[PDB]
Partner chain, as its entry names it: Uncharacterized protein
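Let's start with one chain on its own, the form deposited without the partner chain, as structure tokens.
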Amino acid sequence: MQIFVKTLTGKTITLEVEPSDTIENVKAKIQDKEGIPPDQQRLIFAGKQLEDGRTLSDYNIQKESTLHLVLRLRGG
């Protein structure tokens, strides 16, 4: 299935994922497309950040959904 990631400077990238893919593994798909280590990524949906251990089907993300990428510079 297809989900959209909207970057912090404002590009869209499209990632092919499964409902059982962890937020951890969608960050690995961002590393593929964009060249960014997962470590330096935080992801948002509906103004709420996503925990790495949770799947796409535990936040109830169905295809065509915009998850949003924020790059981390500071601790935390």
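Numbering follows the first chain given and starts at 1.
The protein also exists as the form deposited with the partner chain bound; that form is not presented, and the subsequent description refers to it.
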{"item": "is_contact(residue 25, the partner chain) in the bound PDB entry, heavy atom dist at most 4.5 Å", "value": "no"}
{"item": "In the bound PDB entry, residue 20 touching the partner chain (heavy atom, 4.5 Å)", "value": "no"}
{"item": "Residues of stretch 52-75 in contact with the partner chain in the bound PDB entry (4.5 Å, non-hydrogen atom)", "value": "59, 60, 64, 65, 66, 68, 70, 71, 72, 73, 74, 75"}
